[PDB]
Ligand SMILES: Nc1nnnn1NCc1cccc(OCc2ccccc2)c1
């Protein structure tokens, strides 16, 4: 089999001419030539079967990505694995090759207002579809927004995604969270498990702020730093917003803080389009019940040159896991991954 760095990358015969892109905790990514479609693609080698958590994340993401079909959500083109469960040690996922991501773009490039508007429209268009299926992404951030050389944008990395569950969203103060710190909504640190759609709208707001300035708006170094950043811009919550927080430890922590007044957005972003700032204000609302929903955001005047609800599809049915993937042994998960990937076998 073809080899890359130390490692076997056995994807022949359809895929040849491999080049290293990167590695991570989650596997190795290469580009390759697709001899069938005569284009270069991206392939990720995943080796998850020894670890129950890695199996869960892998199965969840495959199921979601195979079910969704939308221009602004990355798709799975092909999945390569051994013909038998006994011989399957790795899985290779094939996706369209996307040249860059919004994280890399922001590090290196000034965005025009026209690009900011188009990027935001595409994010919200994709998010409308995701939310319409009753799924929450939960880890929206610039590195999970892939771009090609014509600025087509695709949302990726659904490893932390969950079905919405408003009724079970409550929890106590300082509950652990897994998603990326700077893009976590305030309520995560206070009283929320992140099981409602409002947590994704917050993240989009953060992304919009970062596009306007090229830097993260709330770059907290740990928990109460993440909050004290937020409150230094938004100002101290009103009595009405605190009355929403029934848990005493969370409410009394917020009452213990010195008063902060709101910093107006136009002082932070003097070059920004006023319509962009109005929409930003509505996404970065402290109280999640007052936060704008995705459809209202698409209908906002900032996006009027793109808004077309007839070209902003919704899912044909809500999404549900046929099982709870938390309590299954890794051997059962291996079998399920085998079964889900069978449709790509010759
Ligand atoms: N699509 C793409 N182009 N350059 N980078 N990049 N994203 C990384 C990537 C490439 C190929 C396959 C990938 O698979 C991610 C994945 C991992 C587990 C389950 C389902 C999907 C990821």
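With an 8 Å cut-off on Cα pairs and a minimum separation of 6 or more residues, tell me the relative contact order of the chain in percent. Write out the running numbers ahead of the final one.
Numbers: 535 pairs, mean separation 59.7, N = 346.
Contact order relative to length: 17 percent.
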Exercise. Which of 332, 44 comes first, and how do the rest follow, when ranked by fewest Cβ neighbours within 10 Å?
Worked result: 332, 44
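Within 10 Å, count the other beta carbons around each residue, average over each peptide in 263-272, 289-298, 203-212, and list them highest first. Walk me through the numbers on the way to the answer.
Values: 263-272: 12.5, 289-298: 17.5, 203-212: 23.2.
Descending packing order for the listed peptides: 203-212, 289-298, 263-272.
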For this session: At 7 Å along the Cα-to-beta-carbon direction for both residue 143 and residue 213, put a label point, then send me their distance in nm to one decimal.
Result: 2.1
For this session: Arrange the peptides 165-171, 93-99 so that the one whose residues have, on average, the most other Cβ atoms within 10 Å appears first.
Result: 93-99, 165-171
For this session: Any chance you could run the full-extension gain for residue 308 through residue 273? It's 0.36 nm times the residue separation minus the Cα-Cα distance, nm to one decimal.
Result: 10.5 nm
Seminar exercise, completed: residue 39 and residue 228 label points (each 7 Å along its Cα→Cβ direction) are spaced in nm at 5.0
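Would you mind calculating the relative contact order of the stretch 119-230 from Cα pairs under 8 angstrom and at least 6 residues apart, reporting the percent as a whole number? Mind dumping the intermediate values first?
On the way: 155 pairs, mean separation 28.2, N = 112.
Reported as a whole number, the value is 25 percent.
Please find the FRET efficiency linking residue 340 to residue 14, where r is the Cβ-Cβ separation and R0 is fixed at 22 Å, and quote it to the nearest 0.05.
Details: r = 20 Å, r/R0 = 0.91.
It comes out at approximately 0.65.
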Exercise. So what's the back-of-envelope 222 nm ellipticity for the chain, counting only DSSP H runs of four-plus at -39500 (n - 2.57) apiece and dividing by all residues, rounded to 500?
Worked result: -10000 deg cm²/dmol
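Give the peptides 2-8, 230-236, 53-59 in descending order of average Cβ contacts within 10 Å, highest first.
On the way: 2-8: 11.9, 230-236: 17.4, 53-59: 19.6.
Per-residue Cβ counts within 10 Å, averaged per peptide and sorted highest first, yield 53-59, 230-236, 2-8.
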Exercise. With a 10 Å Cβ neighbour count serving as the proxy for reagent exposure, in which order, fewest first, do 26, 177 appear?
Worked result: 26, 177
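Could you give the length gained on full extension between residue 326 and residue 241, defined as 0.36 nm per residue of separation minus the Cα-Cα distance, in nm?
27.2 nm
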Seminar exercise, completed: Dividing the surface of the Cα convex hull of the chain by four yields a projected area in nm² of 18.9
Seminar exercise, completed: The rounded separation in angstrom of the Cα centers of the stretch 277-346 and the stretch 37-86 is 18
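Taking only C-alpha pairs under 8 Å that are 6+ residues apart, what is the relative contact order of the stretch 242-327 in percent?
Values: 21 pairs, mean separation 13.1, N = 86.
Normalised by residue count, the contact order of the stretch 242-327 is 15 percent.
Cβ coordinates were reconstructed from backbone atoms using ideal geometry, including for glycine residues, and neighbour counts include every protein chain displayed. No lab work stands behind these numbers, since they all come straight from the coordinates.
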